[PDB]
Every structure is written in C-alpha cells, then in structure tokens.
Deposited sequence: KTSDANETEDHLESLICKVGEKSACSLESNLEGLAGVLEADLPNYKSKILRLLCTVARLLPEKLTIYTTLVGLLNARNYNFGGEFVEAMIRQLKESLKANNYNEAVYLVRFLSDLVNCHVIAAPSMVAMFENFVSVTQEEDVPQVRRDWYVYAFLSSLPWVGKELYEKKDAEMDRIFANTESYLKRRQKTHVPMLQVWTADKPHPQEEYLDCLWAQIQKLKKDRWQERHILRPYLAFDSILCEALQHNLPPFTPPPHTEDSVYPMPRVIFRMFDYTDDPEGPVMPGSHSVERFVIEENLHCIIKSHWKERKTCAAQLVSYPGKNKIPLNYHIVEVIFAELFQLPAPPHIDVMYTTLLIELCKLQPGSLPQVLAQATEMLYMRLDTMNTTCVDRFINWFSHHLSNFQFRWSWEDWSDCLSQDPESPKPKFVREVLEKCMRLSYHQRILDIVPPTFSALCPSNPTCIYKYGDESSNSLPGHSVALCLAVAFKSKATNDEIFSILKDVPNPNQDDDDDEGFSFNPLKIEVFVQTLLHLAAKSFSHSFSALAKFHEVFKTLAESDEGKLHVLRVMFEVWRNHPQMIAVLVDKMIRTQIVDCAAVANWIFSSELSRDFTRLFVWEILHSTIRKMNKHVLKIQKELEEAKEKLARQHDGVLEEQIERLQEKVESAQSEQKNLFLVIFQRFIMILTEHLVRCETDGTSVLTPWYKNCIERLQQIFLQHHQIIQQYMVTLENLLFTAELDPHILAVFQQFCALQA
C-alpha cells in the first residue's frame, strides 16, 4: 500500500485522459483519506518529490496546497517536515537538493500554504550569510543563489506583501555581489570572446535576470502554475508561519558547490522566424534551462525517456524548445570542470532527439554545429576536445556525411589555428571508427591534406635499412628468432651480443617485437605478454622505461591509437610506470606532437589508472578493517598515494618548466606570448586541475609551497589561483 501512494504521487501530472486540475484534486482527496494510517508516509513522500522532482515543482506545491486546504494541521506538519529536510540536506552537503526545497517553500507562498513574511524572513537570513566573517565565498554565494533563483516563482508575492523589506534585502544582496571575487571566471568560461555572447558568471547573470524581472513588476511568461486554477480553495486564511531558520554555521567539513559560468550560444536572431527567444537576461530563459537540466538529471540513464521528456517540456507560452534543448545539452557537455553526466550520453541523446523530431531538431543541431565551429578561436581546449569527440562520433552515426565546404575558411589558416586543427582532429577520430581510405574519401579534395596519415608501422631494420646501423645484425637475428617462436632466454641470449641499462638492446628488441606484432592490437598485446620478462629486465631502470616509450613512439608515431593502448598495457603490466609516461609526454621527441589530442588522451588515461589503483588498494585495506595483512596492505596504499601525488608533482613541474621557457623567450625576443602553442599549453595545464580537482585539492599545501609560489610568472600562477577560487 505504501508503494501505491508513492506511485500516485510520483505519476501525477503525467500523460492522462483527465485534466491536470482533475487529477490533482482527485489525488488530494485520496491522500486526505489515508492521513489517519499513512500521514507520516505521505509527508515523507511529498518531501521526497519536493527535493527530487524540481521540474514538477508547481504541480506538487499545488497538491500540498489542496491538501493543506483540506487539513490545516497536516500542512503545518508538512512545512515543519520541509524545514527539517532542508537542515538535513544542508548537513549532508546536498546544496543542490536544498535549493529545490527552498524553491518549494517559496512557491508554497503562492499556494497560500506559507505566509509571505515567513519567506521574507528566511531570505533575510540567507542574505545575512554574506555578512558572515571569514567564510568561503562559495558559501555566501550559495545562500544568495538559493534566494535569487526562487524569485521567478515567489518574487511577485513577496514584493506585494513586503516591498520595503525586500528592497533592503536586494540592497544588501547587490552590495555583496559588487565585492565578489571573479578570479574563477576565466577557468570556467567555454569561450573567452565577448562576442557574440559573453559567458557570464552565474550570479552576475542571475542578478541581471532578477533586475529585469523586477523592472517587469515581477511578471514572467513561462512558469505553469496549476494552483491559479484553485483560487477559490486556496486562500491566505490557510497560511502557516514558518519556524525560525538559521543557516547552519560553516564548519571544517562543509562542501559548497563550485561557482558556474552560464553557457550561452543562441539569441533571438538564430531563430528569426520563430517565437521570440527569451533573452539571456530574462528569468524565462533561466527557468527553461534550469528545468531542462533538471529533466536530464532525472532521466539521464534512459536516453529514449530523456529525449521524450525534453521534447514534451511544457510552458505557459510558445518558446523555441529545440534551440533550448540543444543549447542546454551543449551547456552540459562543455560545462567546466565537467559535465553533469558521462560525455557519451549527450551524443546518443542528441541522436534520440534527432529521431524524435526529425523534421525540426536536425536543422537546429546542424546550425549549432556551424556556430560552434565558427566560434572555435577562443573556445577552451578542454571543451574543444569534447566538441571533437562528440562531432566525430556523431558523424559516424550518419555515414560521416558533412558539408566540409562550409568550413573552407580553415584551409588558408595557420595549421596550428583552432579551426584547421579541430578539423584534422575530427578526421583523425573518424578514422578510428572507420578506415583510412574511407575517411580520405569523405572530404572534398581541398581538405585532403587535413586527413590523417595511414597508420603504418615504421621498422628501423626493415628491407631498406642499411646494415651499418648499430645492432643491425642482432635485430635480424631477433626477427628470425621471433618467428621461430623463441623463449625469453633465447631472446636474452641474442641480446647479449649488443655493446653499450642498454639503450641499443632496448631499441633492437622493441623495434623488432613491435614490428612483428604490428598486425593487430591483440598480437601486440600477446607479444608484450609473452616477452614480459625481457621488458622488465631491459626496462628495470627509469632510463630504460623512458627508452622503451621512446622506441615505441619511433615505431608507431603514425598510429596514435596504437600508442595509446600500448602505453596503457605497459602501465598495467608494469613495463613502465606513470612517472615514465609523464616524463615521456613532455619529452623533446613528442614536442612536434605536443598539441595533439592523443598526447593528452594518454596523459589523462595514465592519471586515471593511477587514481583508480589508489582507490582499489584503499578498498581492499578498508575491507580488511572489518575483518599482518590489514597493516601490510596499509603500506601498499601509502606507496600508491605517494606514486599518485608524485605523478601530479611531476606533471605540474613539467608544465611550469616549459611555460616558463616560453614566457622567458617571448620577453627576451619581444615576441607575442599568445601563440597557438601557448593557448594549448596553458589550457592543458588548466585541464589537469579541472579533470582531477577532487584529488588535487589534497595537495594544495604542497603545490603552493613547492611549485605555485608567489614568485611564479603570473600567467602560470593564475591557473593555480583560478583553481583555488573554485572553493574559496
């Protein structure tokens, strides 16, 4: 039975033969009748949809309103229980859910369940948080956000009842907003350009939207309010006063949301014949996007349902829904530091959407793609990688069909420029999901030079090599020996005939082994597995490990995907370690490929494996806590935690070193600092922070004391300062 009511509450507002009003009133009557034996359950159930289905906010407040109208005491217990849940959500650092609870309490005012002065009082308290001393800006930010973002719903009523009080709250809010640090902004913007659309700090944007709403006398044109149909039933006589609410003090364990920048790509001129798009500074735009993001959050696991829910998103008036959907999806995908959900979901979601609205959505997506391409010049590198990975994957689902001619402007540009580079990287990704000649053929002849090279093996000692090369005879012996399926000892024996950690031994061995298993990943994998002993012996030192990577690259430089899987396999089987890979990434041999995606794909895959290894061992250790072992395993975790910390130390050190070298040389020569190479480098450093923020936060003291010091060149130090600002 308790499961039945949960179903009625959760499904109300969905597809129905009856009107929403009918079902709400009907549901109200059903819930009332079960108050005697299910009150406590119904309370919890309603408190739950309030925190979990914010997209359905006004449907549920209306329900609570009707319920309260039937039973005043119950409403009092609900409001009481909502305040409890809010305190608790705030305690568990679920500031996201807390916002929805505040919004619910806010809209309840409109339903006359809660008296307006109660929310005015609560908001006075939220805003006083900005007056607290020595607390993180992100803390003050959140209370201000929770307040302002509630106003599209309850602004009008609060202003009607307590205009003077509200004005004071706004005065205090604005003064807080004017003194906020904006240090985090550059690290979170998808584009740095101001045109055509500034990427606005979220509170600055929201404040501007609220000012517009105020100027419009708190009237907005989008929010559906089912309660307006029950005006006879709902009335002020049914209001409750809230118990005092004091925002829990900031502690050590308090975790506040990072600040955000508003993704913005469309305006009314992009759909010049449709319903006028709500402007960037309208609360309609804010609410639409917030709800759309909430819908994705509720249905991300089910792409078909997710697409359906987005396409059926209702609103008081006509809006260019397809634009809002596509815009919100790219807002998520390009969100910094990370999308709310796994990247690949967005790709398949857009495909579901295209299938669902075949006559309208594809045009918009194609228009959006053109615009993203045309704005590449100042797009942050992290977002460009996602754009590249998205677009290539998307193309592979539509027979790799694209009008490349639209992008001919990239052809005459510096190949290092964002546009031609994006194109080359996209074509490289396409090839990985296809075949070389196939991709060579999808582009116009004018683009042929941007196509990836045939991923062929390069064998140093092949039928063309001069027998004068060092170890040439041994290489041959190894070759024939490998065919005869020799044993490790047999190979060892041959290698001993090499003069000089023996770099030549490594070279003739790796070149020969890799060349012979060059047919497939599987062959290369089993070859590495078979002669593991040889690798471990030849690459026992750090120099050895680096030289293996170096020779491997000399062999497979035309095949980045092979390099990636080889590095990964070598790490997993300990032929090399992550420190060696990090050193290899920043090596002179990789200098000409340093800005390419594959390098960063490997670096991050390497970091991720290190992180997961730490988590894995930590888990085993914890598991033994519940059960000479538990302690001995504790040594493995400290070593892993050390390897991990050291990985980051090295990566940051290398970045500091090469950026300093560039910065120094630009001053010396009086040349421009801002080159394509620099754009990549600094944004790649930024990306280390963004992708691994949670892990890096434990190294803050060390990083600040050893590497990102006050004397560090400001271009570099700013990145660390921007990162710190994410939680300051």
Practice task
Where the model has no C-alpha, note the corresponding stretch of the deposited sequence, numbering from 1.
Solution key: 1-7, 508-519, 647-656
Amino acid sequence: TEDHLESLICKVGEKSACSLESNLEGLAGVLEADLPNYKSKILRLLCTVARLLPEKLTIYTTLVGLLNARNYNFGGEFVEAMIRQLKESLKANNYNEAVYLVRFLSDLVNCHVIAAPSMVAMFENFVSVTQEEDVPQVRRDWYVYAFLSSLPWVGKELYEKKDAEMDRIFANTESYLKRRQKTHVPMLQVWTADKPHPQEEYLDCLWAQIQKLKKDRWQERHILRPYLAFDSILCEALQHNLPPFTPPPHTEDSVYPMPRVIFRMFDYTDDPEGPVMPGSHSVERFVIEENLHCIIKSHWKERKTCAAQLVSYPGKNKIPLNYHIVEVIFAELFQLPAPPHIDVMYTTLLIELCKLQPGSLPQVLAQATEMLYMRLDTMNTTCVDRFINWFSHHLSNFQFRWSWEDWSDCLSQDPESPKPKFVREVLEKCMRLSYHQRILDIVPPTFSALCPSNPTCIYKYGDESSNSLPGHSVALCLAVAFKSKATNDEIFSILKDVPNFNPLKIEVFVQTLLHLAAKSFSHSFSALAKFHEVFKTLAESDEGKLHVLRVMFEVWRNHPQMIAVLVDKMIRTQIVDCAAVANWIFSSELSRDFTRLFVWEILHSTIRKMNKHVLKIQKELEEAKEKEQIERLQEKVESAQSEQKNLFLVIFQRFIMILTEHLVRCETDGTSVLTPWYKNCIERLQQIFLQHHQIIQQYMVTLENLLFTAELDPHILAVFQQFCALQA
From here on, numbers count along this sequence of modelled residues.
Handout entry: 655-663 set against 25-33, stretch whose average Cα temperature factor tops the other in the entry
Key = 25-33
Problem - Mean C-alpha B-factor comparison - 291-299 and 129-137, higher one - result: 129-137
Practice task
Go through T671, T58, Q687, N680 one by one and give the residue whose Cα B-factor in the PDB entry is largest.
Solution key: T671
Fill in the blank from the handout: For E416, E643, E543, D343, the deposited C-alpha B-factor is largest at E543
Problem - Third of the chain, ranked by Cα B-factor, where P196 sits - result: middle
Handout entry: CA B-factor ranking of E157, expressed as a third of its chain
Key = middle
Problem - Modelled-residue ranking by C-alpha temperature factor, third containing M610 - result: middle
Fill in the blank from the handout: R180: CA temperature factor from the record, placed by chain third, in the middle
Practice task
Could you say whether, by C-alpha temperature factor, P499 belongs to the lowest, middle or highest third of its chain?
Solution key: highest
